[PDB]
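Engineer: part one of the assembly, not moved from where it sits:
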Amino acid sequence: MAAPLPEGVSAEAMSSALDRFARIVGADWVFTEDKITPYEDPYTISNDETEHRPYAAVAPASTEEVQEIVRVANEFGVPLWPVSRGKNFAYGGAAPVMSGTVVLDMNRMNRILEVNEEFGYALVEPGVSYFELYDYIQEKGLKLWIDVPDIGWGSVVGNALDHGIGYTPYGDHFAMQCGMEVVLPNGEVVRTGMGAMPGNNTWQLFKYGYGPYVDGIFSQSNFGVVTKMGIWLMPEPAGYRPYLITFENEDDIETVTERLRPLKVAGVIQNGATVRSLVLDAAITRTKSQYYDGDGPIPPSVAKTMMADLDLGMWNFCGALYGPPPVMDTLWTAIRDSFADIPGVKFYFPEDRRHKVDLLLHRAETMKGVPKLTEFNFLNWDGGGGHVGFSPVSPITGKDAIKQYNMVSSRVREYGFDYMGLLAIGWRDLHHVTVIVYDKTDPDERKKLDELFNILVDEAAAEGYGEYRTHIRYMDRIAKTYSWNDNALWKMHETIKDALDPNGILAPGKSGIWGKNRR
């Protein structure tokens, strides 16, 4: 069925807004009726077809068009859902929390405004993908790397704004942000930091500028529409050595995490540490059906088969060394020696891997900032599906790591899904990441997923583990877990929302922030 109107908005107001939008961007750039279906969540979760349905989409070609759209949204009380490229698959794609919202899709604003080799930065518009920025760098021969998520068709901007991550030393994308331009909810435009000074040549060199540091408030936010963003890029290193360390027992994750802690805190491991479980790594190059006829999750005997077929452990730590050989060698000594006495441990460099198609060769590309789309092949583990993830924060402790693995793998399997988990460390933060692959077409799998997901949130929150990024469906649920002092923080978010966006026309429900008209 069709999307309903957003509540409080008549057909006449919607119809008028949509025609006014068209006068701004052109009639070819407003999408209604059958043209809306790319804007739906590709990985459907609700069995209720009235939920999370975009009414329409508008695709501007400039900041000045964005500003006009936002003015028109306020005129008609029609809410917008800003996306940079709208490829937030796992988190709802380009779909809004609240049905009836209109997607403001900025993919056509795709100017690379600057790439600066000597200072190691780019200034990009939202529509620039990782492929595009990577391609531009290679074609100009600049000695710079990007930092990519596992998949490269998303937005350098959009990803950063949702607190996305990659797998080089610059893997905390928002932390590497510097300078931005924002269209505020009233349609006026501002620049942050040194961008606020006329004639500056420092916008992308110095984060703070002067006064309150506000860039952060426009991440995981509905306070503004970002139209330009600077980002630091890593100079090409003098060397690069990707590695895989595998562990034969599920219980090894406890001691593994203890050994990871001082190496990450001291910065001996230079990129994000990712320790992936067997099935998650195996699903890159293989399907369940090739090892197992069963309908349900794999049994232990299959696991042992897979390990030996693929030379993977139950836990698989990928990382990389960057810099001159003498540095890489020193850091490696410390890393290898931290794990050598663990019964069953295996160590691998690319030249040690006997398969042409192989997990370490795959992840080696990502850890040097090469964009690809191969990661989507893991969705075929169980025939073909979508995915959704649960990625709360815990201390980098063996106990926290194995508690969460025990907690989650039992629950996920209880609902018939294979456990596909990952223990990730940024700098001081561990995340047990649950990855759930599901038949999105099946109302019954959908129902099981929703129920499982809610259990995971509550059981983690009961342990003081909080999620930092989530699907549109769970944004309210996650917001409600940050309840210290009777939800004091969200009360402050709502206050700021009401001040910047009195009419509530940017992304109602994003991060569980609604605005006075709708709460």
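Structural biologist: That came through, no problem. Residues are numbered from 1 along each chain as shown, chains lettered A, B, ... in the order given.
Engineer: and the most centrally placed residue in chain A, how far from residue A:152?
Structural biologist: By CA atoms, centre = their mean, chain A has its centre lying nearest to residue A:164, at 4.0 Å. Per CB to CB, to the nearest Å, residue A:164 is found 12 Å from residue A:152. No exception for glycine: its C-beta is placed from N, CA and C like everyone else's.
Engineer: again, but for residue A:258
Structural biologist: 34 Å.
Engineer: what of residue A:194?
Structural biologist: In this structure, residue A:194 lies at 30 Å from residue A:152, with CB to CB as the measure.
Engineer: quick one, which of the two is more surrounded?
Structural biologist: Looking at residue A:194 and residue A:152 with other CB atoms under 10 Å, you find the greater number of neighbours at residue A:152, namely 24 against 20.
Engineer: hmm, the more buried one is touching residue A:373, no?
Structural biologist: Yes - counting by CB atoms under 8 Å, residue A:152 sits close enough to residue A:373 to count as a contact (6.6 Å).
Engineer: residue contacts, the nearest residue to residue A:501 once chain neighbours are set aside?
Structural biologist: Computed as CB to CB, 6 or more residues apart in numbering, the closest residue to residue A:501 that is not its neighbour in sequence is residue A:185, at 3.6 Å. Contact analysis of residue A:185 by CB atoms under 8 Å, 6 or more residues apart in numbering lists A:70, A:74, A:223-224, A:500-503, A:505-506.
Engineer: now do residue A:55
Structural biologist: Here residue A:55 is in contact with A:3, A:5-6, A:14, A:32, A:36, A:99-102 (criterion: CB under 8 Å, 6+ apart).
Engineer: list the buried residues in stretch A:282-293.
Structural biologist: A:282-288, A:291-292 (16 or more other CB atoms under 10 Å).
Engineer: and chain B on top of that:
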Amino acid sequence: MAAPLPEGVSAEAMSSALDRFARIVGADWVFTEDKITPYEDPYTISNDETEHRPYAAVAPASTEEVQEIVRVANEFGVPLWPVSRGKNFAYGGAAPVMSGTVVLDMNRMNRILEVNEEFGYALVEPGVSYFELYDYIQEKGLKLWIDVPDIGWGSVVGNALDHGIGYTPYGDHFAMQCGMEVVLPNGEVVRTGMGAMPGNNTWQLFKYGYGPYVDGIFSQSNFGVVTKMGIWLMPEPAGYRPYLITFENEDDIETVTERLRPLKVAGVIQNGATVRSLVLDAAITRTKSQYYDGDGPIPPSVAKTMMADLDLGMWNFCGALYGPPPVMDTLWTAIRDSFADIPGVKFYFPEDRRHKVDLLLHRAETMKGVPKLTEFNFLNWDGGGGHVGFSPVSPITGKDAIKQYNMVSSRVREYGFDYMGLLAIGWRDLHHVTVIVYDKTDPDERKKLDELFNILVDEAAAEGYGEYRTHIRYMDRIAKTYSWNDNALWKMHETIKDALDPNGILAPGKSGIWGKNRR
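Structural biologist: With chain B now in place:
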């Protein structure tokens, strides 16, 4: 003469507030009349005694007391000026922008709530000084370094909040912040990040939490009172080797900066790179009168004598190597070879320095996070004085460095002061700092200081160079330089101010932000 009432505020209103403060914190911790003097700017600039005059101070012992003081301040329209320890010398000390404001001094809230060695962090109240935190760590033998902004009797919190800097790899103090508790302008209390989740053990492990990133809005801000703050602490490295590289010609700073850029952008130089002018460094161990008895700034012939006497250059690049010897050697090779071909260059490690009281031996302490009061020595250059700083930000270019040296050195000397310069480098940013030592007791010196400062700012802005931190006297003036799109950014700051602080009772005028009742 004595401090005037803040405009709009009855004398009865003030007496009532002050009475009610006294019952919140006890009579012994409300300071008027003779006990106000410590809260005056110690380095006066205004010759008008009506300005920056605090009416009173209140010194609470807990968050609950801060909340009550804020609520009272709202009731009577009495403005507060929050300080953590109030040692902001060169920037106004503990004095407010607006006369009549009451200082909210949180010195006595000096609990070290947690130092955690395995995760490298501290959670501190505002009154915790660098001396106190260091001493704590040493007493317990925790293998952690702090990062000190030279002077040790300042606040870990307050310094970070004003975007202060130190001289180890953890030198961007606000960047190392993680979690805070804030009393908002209405008296309610919030925790940011994971602190917003009950039962978390992750407040100091993961900055973002969920939703908008807001910690930054409480820095260089009057949007709230910070009452707790986490900060990341560096694990003790396996090795430490500080160094000094001197250069004998003032024009060398051009090529020096060009060579620093790649080294810093790539992180080969691991800490804050300071390049200090001769007089700034010499003034640590000698006075002007040892070399020259004239009233004005030193001539070239004296500079040469000073250089020979102290083993200092016209430019003095202090930095440090950190970690295992193999790493330090590799990094040193790249650093040395960057500077080795410059005519007149000299390299020193500590063992090379003949003087027993010596710049490099002092700076060696600072660059491994040892709090000291030595830096105050440069105030004795010309018999005794205070100082003020002008700290604009530039790109790391030779051309920008030398342009700024020439512009500022010219002007400072013209106005009868010696040039003391500190080209510091963060990550991608050149912060050419001028430090001006003057006789704060002398009305004529103050007058010509003011006149020089105003010129330095205007001439910097004309080149696209903006200041990132300033003295209370100049906060409006600096704010007005960030004027892109008809002051768009301050208009947004003022919108947020009015939402969070409608009565405008927190530090009116901080960072040029005033609130609807006073603009």
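Engineer: before we move on, back to that, quick check: the residue nearest to the centre of chain A vs chain B, distance?
Structural biologist: The spacing between residue A:164 and chain B, counted by CB to the nearest CB, to the nearest Å, is 11 Å.
Engineer: distance check, the residue nearest to that residue when sequence neighbours are not counted against residue A:116.
Structural biologist: Take residue A:164 and drop its neighbours on the chain: the residue closest to it by CB to CB, 6 or more residues apart in numbering or on different chains is residue A:173, 5.0 Å away. Using CB to CB, one obtains 18 Å as the distance from residue A:173 to residue A:116.
Engineer: tell me the secondary structure for residue A:328?
Structural biologist: Following DSSP: H, G, I helix; E, B strand; the rest coil, we place residue A:328 in the helix state.
Engineer: correction: the previous question concerned residue A:448.
Structural biologist: Assigned with three-state DSSP, residue A:448 falls in the helix class.
Engineer: residue contacts, it?
Structural biologist: With contact taken as CB atoms under 8 Å, 6 or more residues apart in numbering or on different chains, residue A:448 is in contact with A:415-416, A:438.
Engineer: 10 Å instead, please
Structural biologist: By CB atoms under 10 Å, 6 or more residues apart in numbering or on different chains, the contact set of residue A:448 is A:414-417, A:436, A:438-439, A:442.
Engineer: which among those end up buried?
Structural biologist: For the contacts of residue A:448, a burial check counting by 16 or more other CB atoms under 10 Å in any protein chain shown picks out A:415, A:417, A:436, A:438-439.
Engineer: on that earlier part again, look at residue A:173 and residue A:116 and report which has more neighbours.
Structural biologist: For residue A:173 versus residue A:116, the count of surrounding residues by other CB atoms under 10 Å in any protein chain shown is larger for residue A:173: 24 against 19.
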